[PDB]
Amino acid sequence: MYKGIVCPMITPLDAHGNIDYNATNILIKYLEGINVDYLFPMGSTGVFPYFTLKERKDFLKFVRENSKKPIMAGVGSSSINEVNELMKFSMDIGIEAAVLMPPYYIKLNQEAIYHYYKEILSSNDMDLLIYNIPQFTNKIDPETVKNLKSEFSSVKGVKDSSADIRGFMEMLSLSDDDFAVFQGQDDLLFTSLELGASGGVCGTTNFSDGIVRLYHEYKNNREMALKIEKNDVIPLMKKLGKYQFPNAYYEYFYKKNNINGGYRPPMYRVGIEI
């Protein structure tokens, strides 16, 4: 079962906008500390498309050689060659699963998205999680997920960051013992678990245990989970949302740890407070 809590890791940067591996190690330590169940390097929160194929390869290598935690590697790209390359390399260095969103830039219908996933999943074998994030890329309909699910046992779940609860409940309908469904919006996790979500992919866990507390409080303590959602998580999200995504996550991390972290353009420091 894929389930529990995934941290879409930031990619901590030094002051020249390059990968800070000491800070990455600091982050991994913190995540192990609060007991996330998976590491998710090079997601949206880790801003994978600002990095080169090389840097992403380098960063994936480091994260696996510095934690024994199971890793869902972000293998996103609009180039099928980059996705396959990144997937082979993740498989060849012991990363447990891949995370993939639809290709972006050019707007696509479902047949186009379907064909792309088909090619990738027949060229591959590792556990893949489909990732619907229609704010940054073409949407993948639940039906398209369903059909990809049928043809490929390699597909082990879907992650949804839509914030569309109706869309989410469609994805949930695809849930069974070998298909997880993850909520990618921290403030919607509690509600999602009630609807039977496998868990959440939550970026606040880069610097707060709130989401993990909520989740290990859930099975026993409904109202406590909700309290932690309503009082700690939602306000934190509301504060992060005032800012151009994702630079406030970086600043929060840099401050909580007293690091001189930097920003690769188009990132910039936004001036958030704790």
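We number the residues from 1 along the sequence you see.
*Between 157-165 and 198-206, point out the one with the higher average CA B-factor as the PDB entry records it.*
Averaged over C-alpha atoms, the B-factors run higher in 198-206.
Per the entry, higher mean C-alpha B factor between 89-97 and 131-139: Per the deposited B-factors, the answer is 89-97.
Going by the deposited entry, which of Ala112, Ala73, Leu172, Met126 has the highest CA temperature factor? In this record, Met126 carries the highest C-alpha B-factor of the candidates.
| query | What's the residue among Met42, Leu53, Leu214, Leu236 with the greatest CA temperature factor in the PDB record? | reply | Comparing C-alpha B-factors across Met42, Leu53, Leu214, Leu236, the maximum falls on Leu214.
Worksheet item: Looking at the C-alpha B-factor of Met9, is it in the lowest, middle or highest third of its chain?
Response: It falls in the bottom third of the chain.
Within this chain's modelled residues, let me know which third the CA B factor of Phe245 belongs to: lowest, middle or highest. Lowest third - that is where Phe245 ends up once the chain's C-alpha B-factors are sorted.
Notebook entry, point to check: Where does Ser122 sit by CA temperature factor within its chain: lowest, middle or highest third?
Noted result: Highest third.
Notebook entry, point to check: Lowest, middle or highest third: where is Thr24 by Cα B-factor in its chain?
Noted result: Lowest third - that is where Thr24 ends up once the chain's C-alpha B-factors are sorted.
* **Chain thirds of CA B-factor: placement of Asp177** => Tercile = highest for this residue's CA B-factor.
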